[PDB]
>>> print(open('run-v9.pdb').read())   # PDB, C-alpha atoms and all ligand atoms
ATOM      1  CA  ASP O   1     123.312  97.165 141.732
ATOM      2  CA  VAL O   2     127.002  97.523 140.862
ATOM      3  CA  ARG O   3     127.771  93.784 140.939
ATOM      4  CA  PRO O   4     125.605  90.645 140.879
ATOM      5  CA  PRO O   5     125.271  88.834 144.210
ATOM      6  CA  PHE O   6     127.535  86.023 142.954
ATOM      7  CA  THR O   7     130.277  84.599 145.139
ATOM      8  CA  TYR O   8     133.007  82.144 144.196
ATOM      9  CA  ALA O   9     131.138  79.581 146.308
ATOM     10  CA  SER O  10     127.858  80.114 144.450
ATOM     11  CA  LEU O  11     129.638  79.986 141.087
ATOM     12  CA  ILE O  12     131.530  76.809 142.073
ATOM     13  CA  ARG O  13     128.165  75.394 143.217
ATOM     14  CA  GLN O  14     126.549  76.260 139.842
ATOM     15  CA  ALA O  15     129.422  74.569 137.954
ATOM     16  CA  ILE O  16     129.103  71.353 140.030
ATOM     17  CA  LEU O  17     125.268  71.255 139.861
ATOM     18  CA  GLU O  18     125.334  71.878 136.059
ATOM     19  CA  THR O  19     127.090  68.524 135.417
ATOM     20  CA  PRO O  20     125.025  65.300 135.228
ATOM     21  CA  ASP O  21     127.370  63.484 137.639
ATOM     22  CA  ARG O  22     127.254  66.433 140.086
ATOM     23  CA  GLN O  23     131.048  66.260 140.557
ATOM     24  CA  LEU O  24     134.072  68.033 139.112
ATOM     25  CA  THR O  25     137.812  67.938 139.564
ATOM     26  CA  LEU O  26     139.576  71.158 140.510
ATOM     27  CA  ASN O  27     140.952  71.326 136.966
ATOM     28  CA  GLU O  28     137.473  70.931 135.465
ATOM     29  CA  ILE O  29     136.264  73.692 137.799
ATOM     30  CA  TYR O  30     139.086  75.881 136.477
ATOM     31  CA  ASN O  31     138.120  75.212 132.856
ATOM     32  CA  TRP O  32     134.490  76.030 133.655
ATOM     33  CA  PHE O  33     135.509  79.452 134.983
ATOM     34  CA  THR O  34     137.673  80.153 131.930
ATOM     35  CA  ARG O  35     134.875  79.117 129.551
ATOM     36  CA  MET O  36     132.327  81.252 131.396
ATOM     37  CA  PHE O  37     134.261  84.490 131.888
ATOM     38  CA  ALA O  38     136.570  86.226 129.427
ATOM     39  CA  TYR O  39     138.690  87.856 132.138
ATOM     40  CA  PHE O  40     139.415  84.564 133.951
ATOM     41  CA  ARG O  41     141.025  83.267 130.763
ATOM     42  CA  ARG O  42     143.354  86.287 130.717
ATOM     43  CA  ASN O  43     144.939  86.481 134.256
ATOM     44  CA  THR O  44     145.131  83.409 136.567
ATOM     45  CA  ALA O  45     147.049  83.631 139.896
ATOM     46  CA  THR O  46     144.480  85.377 142.171
ATOM     47  CA  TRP O  47     141.157  83.752 141.149
ATOM     48  CA  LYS O  48     142.464  80.129 141.057
ATOM     49  CA  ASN O  49     143.761  80.656 144.628
ATOM     50  CA  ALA O  50     140.325  81.977 145.684
ATOM     51  CA  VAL O  51     138.651  78.918 144.087
ATOM     52  CA  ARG O  52     140.933  76.564 146.025
ATOM     53  CA  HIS O  53     140.262  78.262 149.366
ATOM     54  CA  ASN O  54     136.491  78.265 148.791
ATOM     55  CA  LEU O  55     136.515  74.526 148.059
ATOM     56  CA  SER O  56     138.687  73.876 151.107
ATOM     57  CA  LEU O  57     137.106  76.116 153.746
ATOM     58  CA  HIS O  58     133.402  75.727 152.945
ATOM     59  CA  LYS O  59     131.974  72.579 154.534
ATOM     60  CA  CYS O  60     129.382  72.329 151.733
ATOM     61  CA  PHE O  61     132.170  71.369 149.285
ATOM     62  CA  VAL O  62     133.339  67.776 149.836
ATOM     63  CA  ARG O  63     136.399  66.245 148.161
ATOM     64  CA  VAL O  64     135.762  62.570 147.243
ATOM     65  CA  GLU O  65     138.684  60.202 146.438
ATOM     66  CA  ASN O  66     137.079  58.744 143.284
ATOM     67  CA  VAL O  67     139.242  55.884 141.927
ATOM     68  CA  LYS O  68     139.616  57.698 138.601
ATOM     69  CA  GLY O  69     140.795  60.842 140.408
ATOM     70  CA  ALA O  70     139.680  63.129 143.215
ATOM     71  CA  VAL O  71     136.485  65.126 142.453
ATOM     72  CA  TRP O  72     134.657  67.871 144.308
ATOM     73  CA  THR O  73     130.974  67.612 145.224
ATOM     74  CA  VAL O  74     128.253  69.638 146.932
ATOM     75  CA  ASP O  75     126.851  68.307 150.220
ATOM     76  CA  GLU O  76     124.353  70.642 151.833
ATOM     77  CA  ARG O  77     123.715  69.087 155.266
TER      78      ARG O  77
HETATM   79 NA    NA O 101     135.278  71.950 151.929
END
>>> encode(input="run-v9.pdb", output="structure tokens", more="lines below")
Ligand code: NA
Amino acid sequence: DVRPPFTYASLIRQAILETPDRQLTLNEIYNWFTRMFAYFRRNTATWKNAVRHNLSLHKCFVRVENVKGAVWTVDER
């Protein structure tokens, strides 16, 4: 009841599922976080690093080498 149950993974997942193409570059994911949250626009080193590790470590986030540039997707199972 102090904090919502959100994690970086669930927020990254909402950002990817909110787009019609269901894919986002790391930079687009960054801009989504800065649009959504006022604090993320202020200070940047710690949260951007957490976002990168969540994309990398979680198997449900898949990096696709799209010809226009690498994008991140969600692949449950
Ligand atoms: Na991953």
>>> atom_distance(input="run-v9.pdb", atom1="CA of residue 29 in chain O", atom2="CA of residue 15 in chain O")
6.9 Å
>>> closest_atom_pairs(input="run-v9.pdb", of="chain O", to="ligand NA 101 (chain O)", cutoff="10 Å", atoms="only C-alpha atoms and all ligand atoms", output="Markdown table")
| residue | atom | partner | partner_atom | distance |
| --- | --- | --- | --- | --- |
| O:52 | CA | O:NA101 | NA | 9.4 |
| O:53 | CA | O:NA101 | NA | 8.4 |
| O:54 | CA | O:NA101 | NA | 7.2 |
| O:55 | CA | O:NA101 | NA | 4.8 |
| O:56 | CA | O:NA101 | NA | 4.0 |
| O:57 | CA | O:NA101 | NA | 4.9 |
| O:58 | CA | O:NA101 | NA | 4.3 |
| O:59 | CA | O:NA101 | NA | 4.3 |
| O:60 | CA | O:NA101 | NA | 5.9 |
| O:61 | CA | O:NA101 | NA | 4.1 |
| O:62 | CA | O:NA101 | NA | 5.1 |
| O:63 | CA | O:NA101 | NA | 6.9 |
| O:72 | CA | O:NA101 | NA | 8.7 |
| O:73 | CA | O:NA101 | NA | 9.1 |
| O:74 | CA | O:NA101 | NA | 8.9 |
| O:75 | CA | O:NA101 | NA | 9.3 |
>>> resolve_selection(input="run-v9.pdb", expression="the PyMOL selection byres (((chain O and resi 31) around 12) and not hetatm)", output="VMD selection string")
chain O and resid 12 15 24 to 30 32 to 38 40 to 41 44 48 51
>>> atom_distance(input="run-v9.pdb", atom1="CA of residue 76 in chain O", atom2="CA of residue 49 in chain O")
23.0 Å
>>> atom_distance(input="run-v9.pdb", atom1="CA of residue 46 in chain O", atom2="CA of residue 21 in chain O")
28.2 Å
>>> closest_residue(input="run-v9.pdb", among="O:50, O:45, O:22, O:39", to="residue 7 in chain O", atoms="only C-alpha atoms")
O:50
>>> axis_aligned_box(input="run-v9.pdb", around="range 36-42 of chain O", padding_each_side="4 Å", output="AutoDock Vina command-line options")
--center_x 137.8 --center_y 84.6 --center_z 131.7 --size_x 19.0 --size_y 14.6 --size_z 12.5
>>> decode(input="run-v9.pdb", residues="range 29-61 of chain O", atoms="N, CA and C atoms", output="PDB file, in the first residue's frame")
ATOM      1  N   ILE O  29      11.994   3.417 -25.645  1.00  0.00           N
ATOM      2  CA  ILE O  29      11.611   3.000 -24.298  1.00  0.00           C
ATOM      3  C   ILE O  29      12.015   4.062 -23.284  1.00  0.00           C
ATOM      4  N   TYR O  30      13.211   4.635 -23.455  1.00  0.00           N
ATOM      5  CA  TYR O  30      13.646   5.730 -22.592  1.00  0.00           C
ATOM      6  C   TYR O  30      12.662   6.891 -22.649  1.00  0.00           C
ATOM      7  N   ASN O  31      12.329   7.338 -23.864  1.00  0.00           N
ATOM      8  CA  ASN O  31      11.442   8.485 -24.022  1.00  0.00           C
ATOM      9  C   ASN O  31      10.058   8.213 -23.452  1.00  0.00           C
ATOM     10  N   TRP O  32       9.603   6.960 -23.508  1.00  0.00           N
ATOM     11  CA  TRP O  32       8.330   6.610 -22.886  1.00  0.00           C
ATOM     12  C   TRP O  32       8.389   6.823 -21.378  1.00  0.00           C
ATOM     13  N   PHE O  33       9.482   6.389 -20.744  1.00  0.00           N
ATOM     14  CA  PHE O  33       9.615   6.566 -19.300  1.00  0.00           C
ATOM     15  C   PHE O  33       9.677   8.042 -18.925  1.00  0.00           C
ATOM     16  N   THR O  34      10.364   8.857 -19.730  1.00  0.00           N
ATOM     17  CA  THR O  34      10.466  10.275 -19.406  1.00  0.00           C
ATOM     18  C   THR O  34       9.150  11.008 -19.653  1.00  0.00           C
ATOM     19  N   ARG O  35       8.368  10.577 -20.647  1.00  0.00           N
ATOM     20  CA  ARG O  35       7.036  11.152 -20.831  1.00  0.00           C
ATOM     21  C   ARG O  35       6.105  10.763 -19.691  1.00  0.00           C
ATOM     22  N   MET O  36       6.228   9.532 -19.191  1.00  0.00           N
ATOM     23  CA  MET O  36       5.257   9.033 -18.224  1.00  0.00           C
ATOM     24  C   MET O  36       5.494   9.615 -16.837  1.00  0.00           C
ATOM     25  N   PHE O  37       6.754   9.745 -16.431  1.00  0.00           N
ATOM     26  CA  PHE O  37       7.092  10.038 -15.046  1.00  0.00           C
ATOM     27  C   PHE O  37       7.948  11.290 -14.968  1.00  0.00           C
ATOM     28  N   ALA O  38       7.544  12.228 -14.106  1.00  0.00           N
ATOM     29  CA  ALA O  38       8.249  13.502 -14.018  1.00  0.00           C
ATOM     30  C   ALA O  38       9.653  13.325 -13.452  1.00  0.00           C
ATOM     31  N   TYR O  39       9.833  12.376 -12.528  1.00  0.00           N
ATOM     32  CA  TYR O  39      11.146  12.212 -11.910  1.00  0.00           C
ATOM     33  C   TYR O  39      12.163  11.646 -12.895  1.00  0.00           C
ATOM     34  N   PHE O  40      11.723  10.764 -13.782  1.00  0.00           N
ATOM     35  CA  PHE O  40      12.634  10.099 -14.732  1.00  0.00           C
ATOM     36  C   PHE O  40      13.211  11.145 -15.665  1.00  0.00           C
ATOM     37  N   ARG O  41      12.477  12.204 -15.952  1.00  0.00           N
ATOM     38  CA  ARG O  41      13.010  13.272 -16.788  1.00  0.00           C
ATOM     39  C   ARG O  41      14.096  14.054 -16.064  1.00  0.00           C
ATOM     40  N   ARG O  42      14.057  14.073 -14.730  1.00  0.00           N
ATOM     41  CA  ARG O  42      15.020  14.858 -13.963  1.00  0.00           C
ATOM     42  C   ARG O  42      16.377  14.163 -13.911  1.00  0.00           C
ATOM     43  N   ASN O  43      16.489  13.004 -13.250  1.00  0.00           N
ATOM     44  CA  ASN O  43      17.790  12.298 -13.040  1.00  0.00           C
ATOM     45  C   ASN O  43      17.825  11.034 -13.891  1.00  0.00           C
ATOM     46  N   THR O  44      18.943  10.706 -14.543  1.00  0.00           N
ATOM     47  CA  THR O  44      18.957   9.589 -15.513  1.00  0.00           C
ATOM     48  C   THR O  44      19.902   8.415 -15.296  1.00  0.00           C
ATOM     49  N   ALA O  45      21.011   8.487 -14.581  1.00  0.00           N
ATOM     50  CA  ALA O  45      21.957   7.348 -14.625  1.00  0.00           C
ATOM     51  C   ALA O  45      21.368   6.026 -14.131  1.00  0.00           C
ATOM     52  N   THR O  46      20.774   6.003 -12.942  1.00  0.00           N
ATOM     53  CA  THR O  46      20.335   4.745 -12.297  1.00  0.00           C
ATOM     54  C   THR O  46      19.194   4.033 -13.019  1.00  0.00           C
ATOM     55  N   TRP O  47      18.128   4.727 -13.367  1.00  0.00           N
ATOM     56  CA  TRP O  47      16.944   4.070 -13.965  1.00  0.00           C
ATOM     57  C   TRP O  47      17.238   3.544 -15.368  1.00  0.00           C
ATOM     58  N   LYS O  48      17.987   4.261 -16.188  1.00  0.00           N
ATOM     59  CA  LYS O  48      18.284   3.814 -17.567  1.00  0.00           C
ATOM     60  C   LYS O  48      19.077   2.511 -17.477  1.00  0.00           C
ATOM     61  N   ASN O  49      19.992   2.417 -16.523  1.00  0.00           N
ATOM     62  CA  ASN O  49      20.783   1.194 -16.301  1.00  0.00           C
ATOM     63  C   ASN O  49      19.828   0.073 -15.887  1.00  0.00           C
ATOM     64  N   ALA O  50      18.865   0.340 -15.023  1.00  0.00           N
ATOM     65  CA  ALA O  50      17.924  -0.727 -14.625  1.00  0.00           C
ATOM     66  C   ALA O  50      17.127  -1.192 -15.842  1.00  0.00           C
ATOM     67  N   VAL O  51      16.704  -0.260 -16.680  1.00  0.00           N
ATOM     68  CA  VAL O  51      15.916  -0.600 -17.891  1.00  0.00           C
ATOM     69  C   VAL O  51      16.747  -1.516 -18.785  1.00  0.00           C
ATOM     70  N   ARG O  52      18.029  -1.216 -18.964  1.00  0.00           N
ATOM     71  CA  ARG O  52      18.855  -2.038 -19.841  1.00  0.00           C
ATOM     72  C   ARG O  52      19.011  -3.450 -19.295  1.00  0.00           C
ATOM     73  N   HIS O  53      19.215  -3.584 -17.982  1.00  0.00           N
ATOM     74  CA  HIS O  53      19.390  -4.911 -17.401  1.00  0.00           C
ATOM     75  C   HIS O  53      18.097  -5.721 -17.453  1.00  0.00           C
ATOM     76  N   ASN O  54      16.945  -5.065 -17.289  1.00  0.00           N
ATOM     77  CA  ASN O  54      15.677  -5.784 -17.363  1.00  0.00           C
ATOM     78  C   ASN O  54      15.428  -6.318 -18.769  1.00  0.00           C
ATOM     79  N   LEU O  55      15.709  -5.502 -19.789  1.00  0.00           N
ATOM     80  CA  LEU O  55      15.594  -5.964 -21.169  1.00  0.00           C
ATOM     81  C   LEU O  55      16.541  -7.124 -21.440  1.00  0.00           C
ATOM     82  N   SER O  56      17.750  -7.060 -20.887  1.00  0.00           N
ATOM     83  CA  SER O  56      18.764  -8.057 -21.204  1.00  0.00           C
ATOM     84  C   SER O  56      18.502  -9.369 -20.475  1.00  0.00           C
ATOM     85  N   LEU O  57      18.220  -9.299 -19.171  1.00  0.00           N
ATOM     86  CA  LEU O  57      18.172 -10.510 -18.356  1.00  0.00           C
ATOM     87  C   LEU O  57      16.864 -11.274 -18.524  1.00  0.00           C
ATOM     88  N   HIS O  58      15.740 -10.570 -18.639  1.00  0.00           N
ATOM     89  CA  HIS O  58      14.455 -11.245 -18.754  1.00  0.00           C
ATOM     90  C   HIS O  58      14.308 -11.884 -20.129  1.00  0.00           C
ATOM     91  N   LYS O  59      14.024 -13.190 -20.141  1.00  0.00           N
ATOM     92  CA  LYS O  59      13.855 -13.919 -21.393  1.00  0.00           C
ATOM     93  C   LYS O  59      12.616 -13.472 -22.161  1.00  0.00           C
ATOM     94  N   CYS O  60      11.647 -12.843 -21.489  1.00  0.00           N
ATOM     95  CA  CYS O  60      10.427 -12.408 -22.159  1.00  0.00           C
ATOM     96  C   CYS O  60      10.640 -11.175 -23.029  1.00  0.00           C
ATOM     97  N   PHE O  61      11.796 -10.523 -22.927  1.00  0.00           N
ATOM     98  CA  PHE O  61      12.153  -9.390 -23.771  1.00  0.00           C
ATOM     99  C   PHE O  61      13.161  -9.871 -24.809  1.00  0.00           C
TER     100      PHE O  61
END
